[PDB]
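Comments concern the structure below.
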Amino acid sequence: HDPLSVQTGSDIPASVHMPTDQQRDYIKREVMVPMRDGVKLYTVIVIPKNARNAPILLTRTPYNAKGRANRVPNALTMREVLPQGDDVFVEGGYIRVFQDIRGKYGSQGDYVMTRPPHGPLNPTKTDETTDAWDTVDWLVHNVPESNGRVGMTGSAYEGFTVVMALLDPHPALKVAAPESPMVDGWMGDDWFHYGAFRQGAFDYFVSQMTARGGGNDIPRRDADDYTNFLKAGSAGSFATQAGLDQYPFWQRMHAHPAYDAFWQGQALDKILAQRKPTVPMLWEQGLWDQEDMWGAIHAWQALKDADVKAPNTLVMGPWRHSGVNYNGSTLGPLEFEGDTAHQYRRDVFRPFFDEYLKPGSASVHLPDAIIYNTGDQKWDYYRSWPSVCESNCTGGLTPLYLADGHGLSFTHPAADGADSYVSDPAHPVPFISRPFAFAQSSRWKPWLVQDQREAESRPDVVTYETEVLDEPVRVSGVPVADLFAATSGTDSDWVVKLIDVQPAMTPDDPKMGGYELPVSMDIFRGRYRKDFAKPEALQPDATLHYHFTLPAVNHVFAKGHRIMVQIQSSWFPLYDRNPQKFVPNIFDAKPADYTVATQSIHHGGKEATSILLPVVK
Amino acid sequence: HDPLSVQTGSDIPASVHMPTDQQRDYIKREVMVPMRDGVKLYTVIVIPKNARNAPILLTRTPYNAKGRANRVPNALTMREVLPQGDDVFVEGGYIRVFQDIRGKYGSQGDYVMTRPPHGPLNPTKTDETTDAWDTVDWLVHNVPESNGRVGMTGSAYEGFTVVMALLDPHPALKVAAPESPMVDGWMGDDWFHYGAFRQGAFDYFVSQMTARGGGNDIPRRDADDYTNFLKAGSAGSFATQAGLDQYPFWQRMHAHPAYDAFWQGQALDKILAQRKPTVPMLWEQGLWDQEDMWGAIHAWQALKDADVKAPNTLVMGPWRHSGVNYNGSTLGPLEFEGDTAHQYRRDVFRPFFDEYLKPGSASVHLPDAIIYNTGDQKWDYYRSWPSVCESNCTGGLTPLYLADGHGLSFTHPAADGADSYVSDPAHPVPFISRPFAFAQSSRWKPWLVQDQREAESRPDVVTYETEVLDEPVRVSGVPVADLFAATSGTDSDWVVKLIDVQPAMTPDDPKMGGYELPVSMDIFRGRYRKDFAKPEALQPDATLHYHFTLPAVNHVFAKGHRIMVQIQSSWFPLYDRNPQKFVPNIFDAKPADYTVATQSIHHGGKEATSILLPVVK
Amino acid sequence: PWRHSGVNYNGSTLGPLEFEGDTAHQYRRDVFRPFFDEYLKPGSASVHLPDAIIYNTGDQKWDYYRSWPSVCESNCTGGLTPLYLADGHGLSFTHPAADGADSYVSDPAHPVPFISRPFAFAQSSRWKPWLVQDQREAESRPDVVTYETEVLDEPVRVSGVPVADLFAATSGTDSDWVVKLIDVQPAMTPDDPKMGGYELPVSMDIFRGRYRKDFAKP
Ligand SMILES: CC1(C)S[C@@H]2C(NC(=O)[C@H](N)c3ccccc3)C(=O)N2[C@H]1C(=O)O
Ligand SMILES: CC1(C)S[C@@H]2C(NC(=O)[C@H](N)c3ccccc3)C(=O)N2[C@H]1C(=O)O
């Protein structure tokens, strides 16, 4: 029979060898790199055509290396095939490497969520540190087009693997750039913020741990997660209905609600500081990092306190989580001066890496910190940062006290007073307007810059503000909440927001008129007031002292603006509700545990609530 | 060691026992259904919880059955889990079945693009007809929750499987509804339109035939496919560079550019009419179906001509390809009276199926055709349709003649004349505004309703129009292009557009003022003027007679509007360029073959070019 | 299904709601015009209009009621059907035998925004469709009390004038009482995801308490 007319076989070719591969400006190599224990990791190596003695940029990920190196699947150019954040390195003729971490996608082995370093939580012979070590060693001995020099980078979990590598790096690892890294999931990164549980973790658990490869989110009943979580009750109740009780990582998390040995043995900022790395580091996070706000700044500061003898620079731009690898010209309704993300990548990131990865390159002398000013709209270069803080700094912090008539003053109010608000767990304050589902990435990403006017309009939120500013107030450093608060219950969460109120009218951009822009906010779970590792019941109606750091600022409250402070006791559904009655484990709270409570914030006198502001000249 | 602290194993559970399955209102059964030759087909059966004596709605697809039955992956309700087009059947308590056709995704066997029916092109013991027969037989003997009655539906390729089943159906198949079915890929469906090749097929080939499962599109050099295809030259040159020469189906298509035995043996409209089927049929296609305009109407008409002894109704709504399964409220800038798609599904589709699938249900008496009026904005029920055509109809067609001064008249112009335009293959007319890539689904879907003013402004397009209408002109049926055209070359394509010019000003919706809306347009490859199977060279400068049907219409050209006709010789990059020089195979046209030509359209006299309009009272 | 003066524009939508075609043009063309032609253009066809022509915001069609309404408090074919507030913040057609009460604190320093902040009366685009806005923001507040039926197994048809029969107490000596009748959309609306659980008010109003006994004498 004529094959050009009659097909009795298959129309699917046995093997494909398309000439589009010869039309590429790069070469893609797939290799199973063996670790010291025999476990092989899937590694993608993207080499520019005619590359000779080129440096290597490495990233280790739980997010499918094959896909990460395929922004535009099988693209004709390296620029399209690699992520937007790799732009400056593609332009620099770097060799790009993406590797699936142990137990994920193309890699063999067992997967352990944020696998702990060797120690009491990991008694085996391998960890993310040795895996990175073995990887770098293989690369410098099996990539002839390379110069044997490796640089490491990555954001979030991809930043976590960089930090792990820094614990004991291979001699060929010449430079590192952890971006929004997961450093302490309990203190202020992905899982908790000062012990307050982040409910978006459930979808992440099922999505990343259902299979070696891809997984799905938890099927929902309602389009609104405010509804879904409130109806389920406690976080543990939602997890149980989702089937998470059979997931080993959730089993461990549920067993360790407090900051005990399980979480302390995973605090990478403290562990890295003990090791005192000698590899040049560039730490980065967004000023509005909605997923890993604790990581970079705390790791960088710990290293500074440990007196590291290696380049250790902190970079913070006007970005959301991982925004550094995309376009940084805007965030929500905010507009910045140009693509700040590309600016950093091109003017700082790239030259810094070139110095150690490309022999003969110009030397860069980076300061302590490079931070974008969200007030002046420009990049600030700080030789020594911060210049103001609570201890061991040139100057101290400047308290902005809460006052009578819901005001704020830099003068300590002698008059004693208190403002009350009722916190009702049956009607928790939406962290962003309803309806909201964790699946709505477009709403989640810029949530930290949203207008706080909705919250202000509620009786379960207390708001304070200065008079309209006649002179600008410059802040640069870490604000500290010095809170004196009472609750009629035996437990409570305390949400503190530092806000920049835009001019009453903004005629050049009308929508921004009176807009309440939060520059720094966080939540503190009251039971941990005395000890993060040992939760304790609060005394009903007792004015108690809470003292905790808030996200860093580098802002200028300009003329016409106001400084504002908002305090509330819920932030739903991002954070699970504090039942306001002391229970052993808030994950297991029952319907009858949730108690309406009256909260009282004291102002003036010996218990003068204030925000310790890093005011500078 | 403590397992709740120390994990030396994997965080990925061996298997998941999700309790969310008990909250579902449906169950899913996955079965490998064996065909008569031993080959097993992956079949997904979606049964409403506690269903009994329920009818079955079956669809056979090359687009992943598992995914088709997972609109919202693992949803809690059957309504979410199934496609939007299944809404009325979910409400009716139907059992939904999606099956992977032989050789695709979860199914075994060899895959053959639009596998031809048993005959000269398929000498084996199986085909899509027997596969459907074996499937229905298994379903009625292995699904206890069913009443033994099966209904078949599906759009495009999923409609093609319905037609194939109708060739020799199982006695349990009580009713069928082919939607925009692939019936004749050469005459006017997916691959060609009157011999003019559709270049979007290349991406489809690589996406559907690279592997049993999912594939990818062809990597592009430029963002604009106008640029990509023009730079490549001929369609065969693009296919070669894409690596399609190793794909068996392309090898067969390339060897059969003309309507020979290979395509004639695949014309389902002619084959089905010869089989004398007795299964009630409901044929559907969009009035603006940009992918399968030929299929439904031609199959329905052939059966009507063969005096089919079964219900045979044609339905055409104001939809784009497969629009019947979504929301039919709008299309491009057009707005219709409500969700026309849901209206049809609820008022016609569902009750028709219920009559034969749910014993005891009310009987429906559908007319010849149910067509939406794109002028009156209402559903028309035509007992006998069409009422006007070339032969064997109640009335004849009404010619709208091209006239002097670029006008259009219902009066046969006595004066002989001609208008000329230069067709340059180096500057082909964009079918839609540049830039355009076949990957841009949002621009491709509603392309048939786009404003034709851009084309009008070009010197390589001739435009004719009536005076502003003082009285409405109603049309219902199939328009026929009666073209008398000459070319200075030895080959040429002829694009003819029937347009409704909106009122000069539309104050209630300003953007529509003077908008040139095409209600019916198509292309004809000149070499097939005398015979579709035997291409012939055209005589240079000879006025030749072209006679071909255009897409059906059911419209009213209202007062203030104009009727317009546009003629051109290219439609890029949707259709490959006619070199305008007769070559044996246009697929393999060489750079030197492409020739600039002068086109002349004659009007009036014995060669009075016109559009034979189906004008009705 | 229109906002104020919506009859003179396009009636295909209102906020996020979508109706069956341009309902405003439908009325203007099929009812308004022929009715006027009968008395203004001698020789025109006579039209026999019913008591009321009302669009059904549930069935998405025009209803022609010869006699409307068919149910009301006095002098109608039938009476009204009470939908009682119940324990557990529920709603029931069955009169609850036991006495109960739910409380909420009304603070004038933090009044409930009728629509999301910020809002200026100059923003006509936000003002026009305000009556169809989602009431989920209000529900989330402690100064708002919310009641709901279980998910409906059977449709409930309503046509006429609803009446608020309120038994309320305040610790003050005056108070406003806002009552909203809402249709909660299905938990999930896969064909239009944004509508899932949407709390659409079909009828709401406010009553100034001082006028409880007499509108003329507070
Ligand atoms: C590094 C990223 C590009 S991938 C990661 C991500 N996406 C997901 O987590 C998503 N569920 C996913 C995608 C692919 C495989 C597995 C899971 C996202 O966002 N993060 C980015 C970031 O931090 O910049
Ligand atoms: C029936 C459909 C829902 S799937 C089909 C489609 N999409 C593709 O062809 C696409 N390449 C694809 C998607 C998923 C798996 C494999 C291939 C599209 O559009 N058609 C729809 C229609 O006709 O209604």
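Residues in the structure tokens are numbered from 1 in each chain, the chains being A, B, ... in the order shown, and ligands are numbered from 1 in the order shown.
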Give me, as a PyMOL selection string, the residues of chain A touching chain B, with the criterion being at most 8 Å (counting only C-alpha atoms). chain A and resi 3-13+16-20+73-76+110-113+120-124+209-212+216+219-221+241-243+246-249+251-252+255+262
Which chains and residue numbers are within 7 Å of ligand 2, counting only C-alpha atoms and all ligand atoms, if I want them as a PDB file with C-alpha atoms, in the first residue's frame?
ATOM      1  CA  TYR B  63      -7.588  16.479  23.971  1.00  0.00           C
ATOM      2  CA  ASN B  64      -6.977  14.489  27.197  1.00  0.00           C
ATOM      3  CA  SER B 155     -17.131  20.160  19.164  1.00  0.00           C
ATOM      4  CA  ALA B 156     -14.504  20.230  16.375  1.00  0.00           C
ATOM      5  CA  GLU B 158     -14.844  15.955  19.367  1.00  0.00           C
ATOM      6  CA  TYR B 204      -1.509  21.951  15.553  1.00  0.00           C
ATOM      7  CA  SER B 207       1.241  19.974  19.297  1.00  0.00           C
ATOM      8  CA  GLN B 208      -0.945  16.908  18.642  1.00  0.00           C
ATOM      9  CA  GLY B 214       0.901  16.590  25.303  1.00  0.00           C
ATOM     10  CA  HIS B 321     -15.682  28.227  16.772  1.00  0.00           C
ATOM     11  CA  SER B 322     -17.034  26.065  19.654  1.00  0.00           C
ATOM     12  CA  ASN B 325     -20.151  25.534  24.778  1.00  0.00           C
TER      13      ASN B 325
END
Long-range neighbours of segment 426-431 of chain B as number ranges by chain, 10 Å cut-off, only C-alpha atoms, 3 positions minimum in chain: B: 226, 230-231, 233, 423, 434-436, 447-448, 450, 452, 454-455, 458, 460-461, 568-579, 594-596
Strand (DSSP E or B) per DSSP on the backbone: members of segment 505-550 of chain A, as a short mmCIF file (atom, residue, chain, number, x, y, z; two decimals) with N, CA and C atoms, in the first residue's frame:
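Writing the result to part_5.cif gives the following:
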data_model
loop_
_atom_site.label_atom_id
_atom_site.label_comp_id
_atom_site.auth_asym_id
_atom_site.auth_seq_id
_atom_site.Cartn_x
_atom_site.Cartn_y
_atom_site.Cartn_z
N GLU A 516 -4.20 55.43 52.75
CA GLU A 516 -3.44 55.00 53.91
C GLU A 516 -2.47 53.87 53.56
N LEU A 517 -1.26 54.27 53.15
CA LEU A 517 -0.22 53.34 52.73
C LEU A 517 0.64 52.83 53.88
N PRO A 518 0.57 51.53 54.13
CA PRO A 518 1.39 50.92 55.17
C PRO A 518 2.81 50.70 54.69
N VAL A 519 3.78 51.26 55.42
CA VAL A 519 5.17 51.09 55.06
C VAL A 519 5.79 49.96 55.88
N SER A 520 5.12 49.60 56.98
CA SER A 520 5.61 48.54 57.86
C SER A 520 4.52 48.05 58.81
N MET A 521 4.24 46.75 58.77
CA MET A 521 3.24 46.16 59.68
C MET A 521 3.49 44.69 59.98
N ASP A 522 3.09 44.26 61.17
CA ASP A 522 3.24 42.86 61.58
C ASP A 522 2.29 42.48 62.71
N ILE A 523 2.24 41.19 63.00
CA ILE A 523 1.38 40.64 64.03
C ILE A 523 2.22 39.91 65.08
N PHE A 524 1.78 39.98 66.33
CA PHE A 524 2.46 39.30 67.43
C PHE A 524 1.44 38.46 68.19
N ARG A 525 1.73 37.17 68.37
CA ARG A 525 0.83 36.28 69.11
C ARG A 525 1.12 36.41 70.61
N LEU A 544 -0.30 44.86 79.55
CA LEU A 544 0.97 44.15 79.39
C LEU A 544 1.88 44.78 78.34
N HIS A 545 3.18 44.66 78.58
CA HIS A 545 4.19 45.24 77.71
C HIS A 545 4.65 44.28 76.61
N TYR A 546 4.43 44.68 75.36
CA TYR A 546 4.86 43.91 74.19
C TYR A 546 5.93 44.73 73.49
N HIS A 547 6.99 44.06 73.06
CA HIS A 547 8.12 44.73 72.43
C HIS A 547 8.64 43.88 71.28
N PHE A 548 8.38 44.32 70.05
CA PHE A 548 8.81 43.56 68.87
C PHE A 548 9.12 44.41 67.64
N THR A 549 10.14 43.99 66.89
CA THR A 549 10.55 44.70 65.69
C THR A 549 9.56 44.54 64.56
#
Residues of segment 453-594 of chain B in helix (DSSP H, G or I), written as a PDB file with N, CA and C atoms, in the first residue's frame:
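Once everything was written out, this is selection_25.pdb:
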ATOM      1  N   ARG B 453     -11.930  48.016   7.693  1.00  0.00           N
ATOM      2  CA  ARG B 453     -11.518  49.341   7.213  1.00  0.00           C
ATOM      3  C   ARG B 453     -10.027  49.427   6.850  1.00  0.00           C
ATOM      4  N   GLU B 454      -9.193  48.645   7.539  1.00  0.00           N
ATOM      5  CA  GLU B 454      -7.757  48.623   7.253  1.00  0.00           C
ATOM      6  C   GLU B 454      -7.522  48.130   5.824  1.00  0.00           C
ATOM      7  N   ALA B 455      -8.195  47.037   5.465  1.00  0.00           N
ATOM      8  CA  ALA B 455      -8.082  46.469   4.125  1.00  0.00           C
ATOM      9  C   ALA B 455      -8.594  47.454   3.077  1.00  0.00           C
ATOM     10  N   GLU B 456      -9.718  48.106   3.376  1.00  0.00           N
ATOM     11  CA  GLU B 456     -10.320  49.082   2.459  1.00  0.00           C
ATOM     12  C   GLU B 456      -9.338  50.197   2.070  1.00  0.00           C
ATOM     13  N   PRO B 510     -20.297  54.799  20.147  1.00  0.00           N
ATOM     14  CA  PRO B 510     -19.472  55.518  19.147  1.00  0.00           C
ATOM     15  C   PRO B 510     -18.446  54.713  18.341  1.00  0.00           C
ATOM     16  N   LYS B 511     -17.791  53.738  18.962  1.00  0.00           N
ATOM     17  CA  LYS B 511     -16.762  52.943  18.281  1.00  0.00           C
ATOM     18  C   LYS B 511     -17.253  52.142  17.064  1.00  0.00           C
ATOM     19  N   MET B 512     -18.566  51.929  16.967  1.00  0.00           N
ATOM     20  CA  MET B 512     -19.140  51.149  15.860  1.00  0.00           C
ATOM     21  C   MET B 512     -19.484  51.979  14.606  1.00  0.00           C
ATOM     22  N   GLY B 526      -7.595  29.925  -7.258  1.00  0.00           N
ATOM     23  CA  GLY B 526      -7.852  29.936  -8.696  1.00  0.00           C
ATOM     24  C   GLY B 526      -7.511  28.731  -9.552  1.00  0.00           C
ATOM     25  N   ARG B 527      -6.425  28.035  -9.228  1.00  0.00           N
ATOM     26  CA  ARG B 527      -6.010  26.864 -10.007  1.00  0.00           C
ATOM     27  C   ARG B 527      -7.068  25.750 -10.027  1.00  0.00           C
ATOM     28  N   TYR B 528      -8.008  25.806  -9.085  1.00  0.00           N
ATOM     29  CA  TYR B 528      -9.062  24.797  -8.979  1.00  0.00           C
ATOM     30  C   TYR B 528     -10.386  25.244  -9.610  1.00  0.00           C
ATOM     31  N   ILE B 586       2.185  24.437  -4.695  1.00  0.00           N
ATOM     32  CA  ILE B 586       2.388  25.731  -4.032  1.00  0.00           C
ATOM     33  C   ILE B 586       3.137  25.608  -2.684  1.00  0.00           C
ATOM     34  N   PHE B 587       3.071  24.424  -2.070  1.00  0.00           N
ATOM     35  CA  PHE B 587       3.782  24.160  -0.819  1.00  0.00           C
ATOM     36  C   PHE B 587       5.286  24.341  -1.031  1.00  0.00           C
ATOM     37  N   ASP B 588       5.767  23.940  -2.210  1.00  0.00           N
ATOM     38  CA  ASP B 588       7.195  24.009  -2.534  1.00  0.00           C
ATOM     39  C   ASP B 588       7.578  25.155  -3.469  1.00  0.00           C
TER      40      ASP B 588
END
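Counting only C-alpha atoms and all ligand atoms, the residue from A:182, A:418, A:400, A:172 that sits nearest to ligand 1 is A:182.
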Identify, on the basis of only C-alpha atoms, every residue whose closest approach to residue 406 of chain B does not exceed 10 Å; exclude the query and any residue fewer than 6 positions from it along the same chain; express the result as a ChimeraX atom specification. /B:418-419,462-466,564-565,603
Write to file, as a PDB file, in the first residue's frame, the residues of the selection just made, with C-alpha atoms.
ATOM      1  CA  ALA B 418     -13.517  46.772 -14.792  1.00  0.00           C
ATOM      2  CA  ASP B 419     -11.619  47.828 -11.689  1.00  0.00           C
ATOM      3  CA  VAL B 462     -11.052  46.750  -4.162  1.00  0.00           C
ATOM      4  CA  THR B 463     -14.108  47.915  -2.256  1.00  0.00           C
ATOM      5  CA  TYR B 464     -17.715  48.326  -3.391  1.00  0.00           C
ATOM      6  CA  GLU B 465     -20.728  49.577  -1.450  1.00  0.00           C
ATOM      7  CA  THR B 466     -24.406  50.420  -1.837  1.00  0.00           C
ATOM      8  CA  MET B 564     -20.302  46.222   1.109  1.00  0.00           C
ATOM      9  CA  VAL B 565     -18.163  43.858  -0.931  1.00  0.00           C
ATOM     10  CA  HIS B 603     -18.642  44.477 -13.632  1.00  0.00           C
TER      11      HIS B 603
END
Per-residue nearest contacts of chain C to chain A (12 Å; only C-alpha atoms) as a Markdown table:
| residue | atom | partner | partner_atom | distance |
| --- | --- | --- | --- | --- |
| C:88 | CA | A:426 | CA | 11.9 |
| C:89 | CA | A:426 | CA | 11.4 |
| C:104 | CA | A:424 | CA | 10.4 |
| C:105 | CA | A:459 | CA | 8.5 |
| C:106 | CA | A:459 | CA | 8.3 |
| C:107 | CA | A:459 | CA | 6.6 |
| C:108 | CA | A:459 | CA | 9.1 |
| C:109 | CA | A:459 | CA | 7.9 |
| C:110 | CA | A:457 | CA | 5.1 |
| C:111 | CA | A:457 | CA | 6.7 |
| C:112 | CA | A:457 | CA | 7.0 |
| C:113 | CA | A:457 | CA | 7.4 |
| C:114 | CA | A:457 | CA | 11.2 |
| C:115 | CA | A:454 | CA | 10.3 |
| C:116 | CA | A:454 | CA | 7.1 |
| C:117 | CA | A:454 | CA | 6.1 |
| C:118 | CA | A:453 | CA | 7.2 |
| C:119 | CA | A:511 | CA | 10.0 |
| C:120 | CA | A:511 | CA | 10.6 |
| C:122 | CA | A:510 | CA | 11.8 |
| C:123 | CA | A:511 | CA | 10.8 |
| C:133 | CA | A:434 | CA | 12.0 |
| C:134 | CA | A:434 | CA | 9.0 |
| C:135 | CA | A:434 | CA | 9.4 |
| C:136 | CA | A:434 | CA | 6.4 |
| C:137 | CA | A:434 | CA | 6.1 |
| C:138 | CA | A:434 | CA | 9.7 |
| C:139 | CA | A:427 | CA | 7.8 |
| C:140 | CA | A:427 | CA | 5.1 |
| C:141 | CA | A:427 | CA | 5.6 |
| C:142 | CA | A:427 | CA | 5.5 |
| C:143 | CA | A:459 | CA | 7.4 |
| C:144 | CA | A:427 | CA | 9.2 |
| C:145 | CA | A:427 | CA | 9.8 |
| C:146 | CA | A:427 | CA | 10.5 |
| C:184 | CA | A:222 | CA | 11.5 |
| C:185 | CA | A:222 | CA | 10.3 |
| C:186 | CA | A:222 | CA | 8.3 |
| C:187 | CA | A:222 | CA | 4.5 |
| C:188 | CA | A:223 | CA | 5.6 |
| C:189 | CA | A:223 | CA | 8.1 |
| C:190 | CA | A:223 | CA | 9.4 |
| C:192 | CA | A:223 | CA | 10.7 |
| C:193 | CA | A:223 | CA | 7.2 |
| C:194 | CA | A:223 | CA | 7.6 |
| C:195 | CA | A:223 | CA | 8.1 |
| C:196 | CA | A:223 | CA | 5.1 |
| C:197 | CA | A:223 | CA | 6.4 |
| C:198 | CA | A:435 | CA | 8.3 |
| C:199 | CA | A:435 | CA | 10.3 |
Can you tell me which residues surround residue 467 of chain B at a distance of at most 9 Å, considering only C-alpha atoms, apart from same-chain residues fewer than 6 positions away, and format the answer as a short mmCIF file (atom, residue, chain, number, x, y, z; two decimals) with N, CA and C atoms, in the first residue's frame?
data_model
loop_
_atom_site.label_atom_id
_atom_site.label_comp_id
_atom_site.auth_asym_id
_atom_site.auth_seq_id
_atom_site.Cartn_x
_atom_site.Cartn_y
_atom_site.Cartn_z
N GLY B 407 -19.70 51.03 -6.76
CA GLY B 407 -21.00 50.89 -6.15
C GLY B 407 -21.54 49.47 -6.23
N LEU B 408 -22.70 49.27 -5.61
CA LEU B 408 -23.37 47.98 -5.64
C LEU B 408 -24.83 48.24 -5.95
N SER B 409 -25.39 47.47 -6.88
CA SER B 409 -26.77 47.66 -7.27
C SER B 409 -27.49 46.34 -7.50
N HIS B 561 -27.47 51.56 7.32
CA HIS B 561 -26.33 50.70 7.04
C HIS B 561 -26.06 50.68 5.54
N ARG B 562 -25.03 49.94 5.14
CA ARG B 562 -24.68 49.77 3.73
C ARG B 562 -24.30 48.32 3.56
N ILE B 563 -24.47 47.79 2.35
CA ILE B 563 -23.97 46.47 2.05
C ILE B 563 -22.65 46.74 1.35
#
Using only C-alpha atoms and all ligand atoms, the best pick from A:552, A:201, A:41, A:35 as closest to ligand 1 would be A:201
